[PDB]
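Engineer: Below is the file protein.pdb, which contains PDB, C-alpha atoms.
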```
ATOM      1  CA  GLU A   1      31.465-128.443  -4.148
ATOM      2  CA  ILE A   2      27.824-127.684  -5.226
ATOM      3  CA  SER A   3      26.914-128.014  -1.474
ATOM      4  CA  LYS A   4      29.374-125.170  -0.584
ATOM      5  CA  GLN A   5      28.380-122.948  -3.570
ATOM      6  CA  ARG A   6      24.714-123.130  -2.357
ATOM      7  CA  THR A   7      25.871-122.414   1.235
ATOM      8  CA  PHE A   8      27.934-119.366   0.081
ATOM      9  CA  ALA A   9      24.981-117.927  -1.934
ATOM     10  CA  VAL A  10      22.721-118.335   1.180
ATOM     11  CA  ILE A  11      25.409-116.695   3.422
ATOM     12  CA  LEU A  12      25.726-113.729   0.980
ATOM     13  CA  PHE A  13      21.895-113.347   0.966
ATOM     14  CA  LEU A  14      21.837-113.468   4.824
ATOM     15  CA  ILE A  15      24.559-110.724   4.959
ATOM     16  CA  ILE A  16      22.383-108.522   2.634
ATOM     17  CA  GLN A  17      19.256-109.146   4.802
ATOM     18  CA  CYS A  18      21.233-108.415   8.048
ATOM     19  CA  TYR A  19      22.381-105.078   6.512
ATOM     20  CA  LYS A  20      18.688-104.417   5.577
ATOM     21  CA  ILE A  21      17.577-105.077   9.197
ATOM     22  CA  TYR A  22      20.263-102.575  10.395
ATOM     23  CA  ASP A  23      19.142 -99.848   7.914
ATOM     24  CA  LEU A  24      15.498-100.599   8.958
ATOM     25  CA  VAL A  25      16.367-100.044  12.674
ATOM     26  CA  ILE A  26      17.949 -96.688  11.588
ATOM     27  CA  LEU A  27      14.759 -95.952   9.560
ATOM     28  CA  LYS A  28      12.421 -96.761  12.513
ATOM     29  CA  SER A  29      14.593 -94.766  14.996
ATOM     30  CA  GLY A  30      14.174 -91.681  12.697
ATOM     31  CA  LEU A  31      17.941 -91.456  11.956
ATOM     32  CA  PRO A  32      19.005 -90.072   8.505
ATOM     33  CA  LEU A  33      19.460 -92.611   5.783
ATOM     34  CA  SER A  34      20.388 -91.135   2.399
ATOM     35  CA  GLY A  35      17.491 -91.848   0.041
ATOM     36  CA  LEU A  36      18.215 -94.811  -2.326
ATOM     37  CA  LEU A  37      20.992 -93.208  -4.387
ATOM     38  CA  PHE A  38      20.624 -89.638  -5.761
ATOM     39  CA  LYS A  39      18.044 -86.892  -6.400
ATOM     40  CA  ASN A  40      19.142 -86.049  -9.991
ATOM     41  CA  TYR A  41      16.359 -87.274 -12.362
ATOM     42  CA  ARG A  42      18.882 -87.403 -15.327
ATOM     43  CA  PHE A  43      21.360 -89.641 -13.472
ATOM     44  CA  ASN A  44      18.356 -91.791 -12.482
ATOM     45  CA  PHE A  45      17.422 -92.206 -16.211
ATOM     46  CA  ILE A  46      21.060 -92.944 -17.236
ATOM     47  CA  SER A  47      21.564 -95.525 -14.405
ATOM     48  CA  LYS A  48      18.132 -97.219 -14.994
ATOM     49  CA  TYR A  49      18.765 -97.658 -18.753
ATOM     50  CA  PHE A  50      22.450 -98.555 -18.250
ATOM     51  CA  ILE A  51      21.210-101.535 -16.125
ATOM     52  CA  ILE A  52      18.351-102.507 -18.550
ATOM     53  CA  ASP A  53      20.272-102.127 -21.887
ATOM     54  CA  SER A  54      23.411-103.820 -20.396
ATOM     55  CA  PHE A  55      21.361-106.768 -19.074
ATOM     56  CA  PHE A  56      19.608-107.214 -22.468
ATOM     57  CA  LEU A  57      22.845-106.933 -24.541
ATOM     58  CA  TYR A  58      24.794-109.212 -22.119
ATOM     59  CA  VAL A  59      22.110-112.004 -22.121
ATOM     60  CA  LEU A  60      21.364-111.763 -25.908
ATOM     61  CA  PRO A  61      24.578-113.699 -26.986
ATOM     62  CA  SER A  62      23.709-116.425 -24.388
ATOM     63  CA  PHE A  63      20.688-117.471 -26.547
ATOM     64  CA  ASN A  64      23.128-118.394 -29.382
ATOM     65  CA  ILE A  65      20.447-117.303 -31.873
ATOM     66  CA  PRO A  66      21.517-116.559 -35.471
ATOM     67  CA  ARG A  67      18.018-117.111 -36.156
ATOM     68  CA  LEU A  68      15.457-115.383 -38.391
ATOM     69  CA  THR A  69      13.154-118.288 -39.233
ATOM     70  CA  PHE A  70       9.617-118.446 -37.796
ATOM     71  CA  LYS A  71       6.995-121.097 -38.590
ATOM     72  CA  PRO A  72       4.228-119.582 -40.907
ATOM     73  CA  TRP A  73       2.596-117.250 -38.313
ATOM     74  CA  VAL A  74       4.649-116.395 -35.212
ATOM     75  CA  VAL A  75       4.714-113.220 -33.014
ATOM     76  CA  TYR A  76       5.866-109.573 -32.814
ATOM     77  CA  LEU A  77       3.376-108.624 -35.528
ATOM     78  CA  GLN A  78       0.417-109.180 -33.201
ATOM     79  CA  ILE A  79       1.965-107.003 -30.492
ATOM     80  CA  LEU A  80       2.596-104.162 -32.944
ATOM     81  CA  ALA A  81      -0.891-104.378 -34.456
ATOM     82  CA  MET A  82      -3.623-104.412 -31.790
ATOM     83  CA  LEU A  83      -1.479-102.372 -29.415
ATOM     84  CA  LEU A  84      -0.693 -99.494 -31.788
ATOM     85  CA  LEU A  85      -4.166 -99.532 -33.324
ATOM     86  CA  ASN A  86      -5.578 -99.049 -29.851
ATOM     87  CA  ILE A  87      -2.964 -96.377 -29.117
ATOM     88  CA  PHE A  88      -3.747 -94.303 -32.208
ATOM     89  CA  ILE A  89      -7.486 -94.690 -31.686
ATOM     90  CA  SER A  90      -7.230 -93.575 -28.075
ATOM     91  CA  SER A  91      -5.048 -90.613 -29.031
ATOM     92  CA  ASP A  92      -7.411 -89.329 -31.722
ATOM     93  CA  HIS A  93     -10.423 -89.919 -29.496
ATOM     94  CA  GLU A  94      -8.862 -88.029 -26.593
ATOM     95  CA  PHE A  95      -7.874 -85.136 -28.860
ATOM     96  CA  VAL A  96     -11.374 -84.699 -30.301
ATOM     97  CA  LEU A  97     -12.875 -85.300 -26.865
ATOM     98  CA  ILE A  98     -10.903 -82.447 -25.275
ATOM     99  CA  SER A  99     -11.567 -80.257 -28.306
ATOM    100  CA  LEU A 100     -15.378 -80.416 -27.991
ATOM    101  CA  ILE A 101     -16.035 -81.610 -24.403
ATOM    102  CA  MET A 102     -13.840 -79.119 -22.457
ATOM    103  CA  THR A 103     -12.875 -76.041 -24.534
ATOM    104  CA  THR A 104     -16.542 -75.352 -25.299
ATOM    105  CA  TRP A 105     -17.478 -75.493 -21.615
ATOM    106  CA  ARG A 106     -14.719 -73.047 -20.680
ATOM    107  CA  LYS A 107     -15.822 -70.569 -23.347
ATOM    108  CA  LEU A 108     -19.433 -70.689 -22.159
ATOM    109  CA  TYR A 109     -18.413 -70.040 -18.552
ATOM    110  CA  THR A 110     -16.307 -67.033 -19.545
TER     111      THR A 110
END
```
Can you give me the file's structure in the form of structure tokens?

Structural biologist:
Amino acid sequence: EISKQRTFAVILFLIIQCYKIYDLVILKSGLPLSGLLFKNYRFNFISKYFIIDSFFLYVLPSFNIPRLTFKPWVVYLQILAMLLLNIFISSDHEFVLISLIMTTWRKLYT
């Protein structure tokens, strides 16, 4: 029943929060927990993008979209535009900036 499904989801959440309160009592008593997962930056990248790419590719069929038909003027283009324009501008600016607003100073000091 929908009543029992809701109750089971709330019980499973309460079990997770009870385990969190236990690990918190360990944390506040100064006892060793073991990080989050691992200290290898590469495994962190692989696991982070495994979750993100898998979630995107798993949910993408659920939209049932076969569907490349926008009304006259609709998205993605705007995001690309302003955003990258700004990016490039900033980059060039920064480059020139460093070039004549730092390097020169260093030379003078020397």

Engineer: To test the calculation: enclose all listed atoms of region 8-27 of chain A in a box whose edges run along x, y and z, add 4 Å on each side, then state centre and edge lengths in Å to one decimal, as JSON.

Structural biologist:
```
{"center_x": 21.3, "center_y": -107.7, "center_z": 5.4, "size_x": 21.2, "size_y": 31.4, "size_z": 22.6}
```

Engineer: So what do you get for CA of residue 102 (chain A) versus CA of residue 85 (chain A), distance-wise?

Structural biologist: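 Taking CA of residue 102 (chain A) and CA of residue 85 (chain A), their separation equals 25.1 Å.
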
Engineer: Separation of CA of residue 88 (chain A) and CA of residue 68 (chain A), in Å?

Structural biologist: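 Taking CA of residue 88 (chain A) as the start and CA of residue 68 (chain A) as the end point, the length is 29.2 Å.
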